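> Have a look at the structure that comes next, please.
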Amino acid sequence: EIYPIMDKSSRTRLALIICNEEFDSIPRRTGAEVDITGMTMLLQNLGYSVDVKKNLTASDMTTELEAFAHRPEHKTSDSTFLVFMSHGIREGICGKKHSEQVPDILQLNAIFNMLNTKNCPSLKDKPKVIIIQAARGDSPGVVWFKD
Amino acid sequence: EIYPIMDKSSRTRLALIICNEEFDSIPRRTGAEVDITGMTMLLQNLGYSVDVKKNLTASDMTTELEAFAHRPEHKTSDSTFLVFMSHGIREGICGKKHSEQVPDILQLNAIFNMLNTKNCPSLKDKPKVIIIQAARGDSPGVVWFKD
Amino acid sequence: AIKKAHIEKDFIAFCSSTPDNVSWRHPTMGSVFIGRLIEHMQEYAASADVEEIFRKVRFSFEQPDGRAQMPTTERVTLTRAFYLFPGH
Amino acid sequence: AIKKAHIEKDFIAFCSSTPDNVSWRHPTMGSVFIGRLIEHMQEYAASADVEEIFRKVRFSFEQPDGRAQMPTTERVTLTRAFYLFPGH
Ligand SMILES: *SCCNC(=O)c1cc2c(C(F)(F)F)nn(C)c2s1
Ligand SMILES: *SCCNC(=O)c1cc2c(C(F)(F)F)nn(C)c2s1
């Protein structure tokens with residue numbers, strides 16, 4: 001009852017990391033380079049070929065994810081990893097040109113509809129790990145209690 | 001690394017089932033009585049005292065869930081079960097007076113904000129299982145493929 | 001005395017995103033999602049944790065033949081494994 | 001030949017709902033959420049499945065002392081257990 005792994009000699013594992021640190025209006029995400037270096041080194045040690053994309057809009061993130069789903073490497077792969085690192089709101093991942101007046105949001109539902117069986121038949125019956133990092137505009141998730 | 005269970009001799013496990021079958025505009029959910037009978041008998045065999053609520057609006061579901069969180073039985077309990085059975089859309093659970101023109105939706109985010117540590121301190125460090133049944137307006141989740 | 005505590009912790013949601021509309025033949029029939037859940041909850045209660053039980057429900061629905069069902073486990077905030085312990 | 005297949009299957013999302021804003025002291029510091037994930041991914045890769053690894057990340061964040069973090073595993077659609085198998 002375990003997911004069948006592919007032989008190391010003839011496999012093409014592929015992973016994608018989309019990170020946003022430089023922005024137009026919203027605060028800079030400094031120290032993100034350490035997060036990129038950490039995740040890329042980890043996934044590569046796990047056998048995944050890592051594609052890193054820096055500072056993209058919601059429209060650019062949609063196209064890049066759509067292009068990633070139609071890669072021929074997934075045909076001879078057994079699993080995949082998706083890493084999103086940016087600001088986060090109620091809807092989902094923020095883009096680089098996201099502001100209070102002009103919204104630029106990549107919806108989380110669109111990510112699942114991109115790697116799904118219908119739009120991505122190459123990753124059928126294959127584990128799809130989506131790691132998202134989204135800092136939300138709500139006070140630190142801690143509450144004090146009397147004991 | 002397992003959740004500490006409470007002694008059977010002196011515990012007050014409590015569960016809530018909210019089911020909607022009769023509606024004002026949207027189609028009737030016939031055969032829901034079998035789902036109620038099945039779940040109530042199951043949870044009672046697991047040690048939970050089951051409260052069953054039939055045909056409620058979003059406003060009534062909010063009050064009933066808020067009243068369930070402030071029950072003194074949870075103080076001497078170790079776990080809880082929440083069962084929602086109704087029609088479902090993009091937002092969440094539909095109410096009994098829900099229509100195309102007049103929406104009556106109980107949001108899923110409100111359920112988690114009701115049993116959370118801040119609004120429900122009695123269920124702190126205690127497992128909270130929320131089983132939802134929501135039939136969505138999308139064609140059966142199956143796609144054919146050539147092999 | 002004061003201590004910090006997470007606002008959202010020890011949660012597990014098990015909901016069916018797939019449609020479960022009423023059948024024309026047998027209108028009073030019980031739900032396949034609810035039915036299959038109970039079946040696994042009865043046999044695997046004294047052997048597996050609830051999060052692992054939901055996986056067994058997902059594993060049983062792997063091949064579609066009757067009603068197409070595939071439930072999703074959402075907002076998992078359980079730090080430990082929750083065993084039910086029947087009759088304890 | 002034709003066969004039925006679920007549109008959404010074999011998914012697992014591991015995201016932090018808790019805020020991870022940049023600190024005033026040490027501005028170039030790495031994320032505590034990303035850092036703790038890698039630490040568990042290195043040691044528990046050849047012993048536990050990814051879904052169980054995410055639980056170990058949640059178990060390590062049980063008591064808040066530094067940054068308050070509690071990640072949630074969402075839309076779990078994995079029928080089986082996914083072991084990584086390092087060096088295989
Ligand atoms: S009970 C099933 C209902 N599901 C939801 O309420 C939603 C879950 C998500 C996610 C996820 F985080 F899983 F990716 N993203 N959106 C936009 C929703 S709605
Ligand atoms: S990556 C964390 C972001 N989460 C989501 O996108 C949402 C998950 C849910 C749910 C849940 F199904 F978990 F209850 N309900 N809503 C309204 C959301 S949004």
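Convention: chains lettered A, B, ... in structure tokens order; per-chain residue numbering from 1; ligands numbered from 1 as shown.
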Just want the residues within 10 Å of ligand 2, written as a ChimeraX atom specification, counting only C-alpha atoms and all ligand atoms.

/A:84,88-93,107-109,130-136 /B:90-92,106-112,130,132 /C:11-15,17,72-76 /D:13-18,71-75

> When you get a sec, could you note down which chain B residues fall within 12 Å of chain D, using only C-alpha atoms, as a tab-separated table (two decimals) with N, CA and C atoms, in the first residue's frame?


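Generated output (selection-v1.tsv):
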chain	number	residue	atom	x	y	z
B	1	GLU	N	3.67	9.48	21.43
B	1	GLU	CA	3.26	10.54	20.46
B	1	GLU	C	1.80	10.32	20.01
B	2	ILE	N	0.97	9.91	20.96
B	2	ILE	CA	-0.45	9.65	20.72
B	2	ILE	C	-1.29	10.55	21.63
B	3	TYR	N	-2.43	11.02	21.12
B	3	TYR	CA	-3.36	11.84	21.89
B	3	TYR	C	-3.86	11.10	23.13
B	125	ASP	N	-5.99	21.29	22.99
B	125	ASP	CA	-5.15	20.09	22.95
B	125	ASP	C	-5.95	18.80	22.76
B	138	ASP	N	-20.59	20.31	-9.81
B	138	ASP	CA	-19.60	19.99	-10.84
B	138	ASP	C	-19.71	18.53	-11.27
B	139	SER	N	-19.68	18.30	-12.58
B	139	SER	CA	-19.81	16.96	-13.16
B	139	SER	C	-18.90	15.94	-12.46
B	140	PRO	N	-19.43	14.72	-12.19
B	140	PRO	CA	-18.71	13.65	-11.49
B	140	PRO	C	-17.21	13.67	-11.75
B	141	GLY	N	-16.42	13.71	-10.67
B	141	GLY	CA	-14.97	13.85	-10.75
B	141	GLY	C	-14.25	12.68	-11.39
B	142	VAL	N	-14.57	12.41	-12.65
B	142	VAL	CA	-13.94	11.35	-13.43
B	142	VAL	C	-13.66	11.79	-14.87
B	143	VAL	N	-12.48	11.44	-15.36
B	143	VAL	CA	-12.08	11.74	-16.73
B	143	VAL	C	-11.52	10.49	-17.41
B	144	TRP	N	-11.96	10.25	-18.64
B	144	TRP	CA	-11.50	9.10	-19.42
B	144	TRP	C	-10.13	9.38	-20.03
B	145	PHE	N	-9.34	8.32	-20.22
B	145	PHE	CA	-8.02	8.43	-20.84
B	145	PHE	C	-7.72	7.23	-21.73
B	146	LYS	N	-6.96	7.48	-22.80
B	146	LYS	CA	-6.59	6.43	-23.75
B	146	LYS	C	-5.37	5.66	-23.25
B	147	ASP	N	-5.48	4.33	-23.24
B	147	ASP	CA	-4.39	3.46	-22.80
B	147	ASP	C	-4.28	2.21	-23.67

> Determine, counting only C-alpha atoms, which protein, DNA and RNA residues have an atom within 8 Å of an atom of residue 67 (chain D); residues of the same chain fewer than 3 positions away are not included. Present the result as an mmCIF file with N, CA, C and O atoms, in the first residue's frame.


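See part08.cif below for the written result:
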data_model
loop_
_atom_site.group_PDB
_atom_site.id
_atom_site.type_symbol
_atom_site.label_atom_id
_atom_site.label_comp_id
_atom_site.auth_asym_id
_atom_site.auth_seq_id
_atom_site.Cartn_x
_atom_site.Cartn_y
_atom_site.Cartn_z
ATOM 1 N N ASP D 20 4.565 34.722 8.742
ATOM 2 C CA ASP D 20 6.015 34.594 8.829
ATOM 3 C C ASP D 20 6.678 35.873 8.312
ATOM 4 O O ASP D 20 7.372 35.865 7.291
ATOM 5 N N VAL D 32 11.736 30.100 9.530
ATOM 6 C CA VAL D 32 11.616 29.057 10.548
ATOM 7 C C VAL D 32 10.731 27.901 10.060
ATOM 8 O O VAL D 32 10.937 26.748 10.443
ATOM 9 N N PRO D 64 4.942 26.997 21.466
ATOM 10 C CA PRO D 64 5.495 28.245 20.938
ATOM 11 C C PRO D 64 6.479 28.898 21.906
ATOM 12 O O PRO D 64 6.177 29.049 23.093
#

> Considering only C-alpha atoms, return as a compact mmCIF listing (two decimals) with N, CA and C atoms, in the first residue's frame whatever protein or nucleic-acid residues lie within 6 Å of region 25-41 of chain A, sequence-local ones (same chain, fewer than 4 positions apart) excluded.


# COMPACT_ATOMS: atom_id res chain seq x y z
N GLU A 21 10.43 37.82 -3.85
CA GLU A 21 11.06 38.61 -2.79
C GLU A 21 11.03 40.12 -3.08
N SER A 99 -1.07 45.09 -5.27
CA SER A 99 -1.25 46.27 -4.44
C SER A 99 -2.64 46.28 -3.79
N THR D 28 18.32 39.01 7.12
CA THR D 28 18.64 38.01 6.10
C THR D 28 18.51 36.58 6.62
N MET D 29 17.90 36.43 7.79
CA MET D 29 17.68 35.12 8.40
C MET D 29 16.70 34.29 7.58
N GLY D 30 16.96 32.98 7.49
CA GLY D 30 16.08 32.04 6.81
C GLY D 30 14.79 31.81 7.57

> Please give the complete set of residues from chain D that DSSP, run on the backbone, assigns to strand (DSSP E or B), formatted as a list in words.

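Matching residues, listed in order: residues 2, 3, 4, 5, 6, 11, 12, 13, 14, 15, 16, 72, 73, 74, 76 and 81 of chain D.
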
> Return as a count of residues only the full set of residues in region 35-86 of chain B whose backbone-based DSSP assignment is helix (DSSP H, G or I).

28

> Would you mind telling me which residue in C:10, C:66, C:26, C:80 lies nearest to chain D when using only C-alpha atoms?

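Ranking C:10, C:66, C:26, C:80 by distance to chain D, first place goes to C:80.
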
> Need to verify the contact set: residue 13 (chain B), 8 Å, only C-alpha atoms, exclusion of same-chain residues closer than 4 positions in sequence. Can you return it as a VMD selection string?

chain B and resid 47 to 49 73 to 74 76 to 80

> Pull C-alpha atoms from the residues just selected and write them as a CSV table (one decimal), in the first residue's frame.


chain,number,residue,atom,x,y,z
B,47,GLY,CA,-18.5,6.7,23.3
B,48,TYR,CA,-19.8,10.1,22.0
B,49,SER,CA,-23.1,11.6,23.1
B,73,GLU,CA,-19.3,18.4,28.8
B,74,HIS,CA,-16.2,19.3,26.7
B,76,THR,CA,-14.4,16.5,31.0
B,77,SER,CA,-14.0,15.2,27.4
B,78,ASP,CA,-11.0,14.2,25.3
B,79,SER,CA,-12.3,14.5,21.7
B,80,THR,CA,-15.3,15.6,19.6

> Find the distance between CA of residue 97 (chain A) and CA of residue 21 (chain D) and write it in Å to one decimal.

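These atoms are spaced 19.0 Å apart.
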